[PDB]
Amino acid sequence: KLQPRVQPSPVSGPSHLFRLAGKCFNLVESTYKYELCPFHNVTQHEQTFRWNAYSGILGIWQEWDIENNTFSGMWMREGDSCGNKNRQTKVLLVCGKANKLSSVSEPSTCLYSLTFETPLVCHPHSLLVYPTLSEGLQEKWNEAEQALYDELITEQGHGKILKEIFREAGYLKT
């Protein structure tokens, strides 16, 4: 039984993925056992069966990772602390036959890359961020793409506008 440091951000993004909120899937490795509760938290429970066996929170749903006009991954931040820093996790969404937690890795100590298989992402346009936006924020994007094509703004100024949109929608915390 663990205490989270902050609460998860609101469920946001593609509508058809919202059904995953409140569900939890787990993967049992030899050393640890991980659980992913999408839009909420990630946790591991060391299965060495010694008395001080570790159980910690790796991250709390905070913001999205948007790269190349798509949802790159889900950012889980502000977990238990390793020392000077709090644990983080980037969940990656991959086409799979069924909702399954497939792998876990540790690129840097206390930073994790979690791969989540689900069939809801098998279509290429499922993780595009443009269809998820409100009718008004699409206009702001439409005007920015045309303005960039008309050479009224720079690729740099265009990049700024997109982050303004994503922040308003709540995909990036700010």
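Each residue number is its position in the shown sequence, starting from 1.
*Asks:* Look over 100-108 and 69-77 in the entry and identify the one with the greater average Cα temperature factor.
*Replies:* According to the entry, 100-108 carries the higher average C-alpha B-factor.
*Asks:* Out of 111-119 and 48-56, which stretch has the higher average CA B-factor listed in the record?
*Replies:* The recorded data point to 48-56.
*Asks:* Using the temperature factors in the entry, find which of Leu137, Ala147, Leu27, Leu128 has the highest value at its Cα atom.
*Replies:* By C-alpha B-factor in the record, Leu27 ranks first.
*Asks:* Split the chain's modelled residues into thirds by Cα B-factor; is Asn41 in the lowest, middle or highest one?
*Replies:* For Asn41, the deposited C-alpha B-factor lands in the middle third.
*Asks:* Sorting the chain's modelled residues by C-alpha B-factor, tell me whether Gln62 ends up in the lowest, middle or highest third.
*Replies:* For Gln62, the deposited C-alpha B-factor lands in the middle third.
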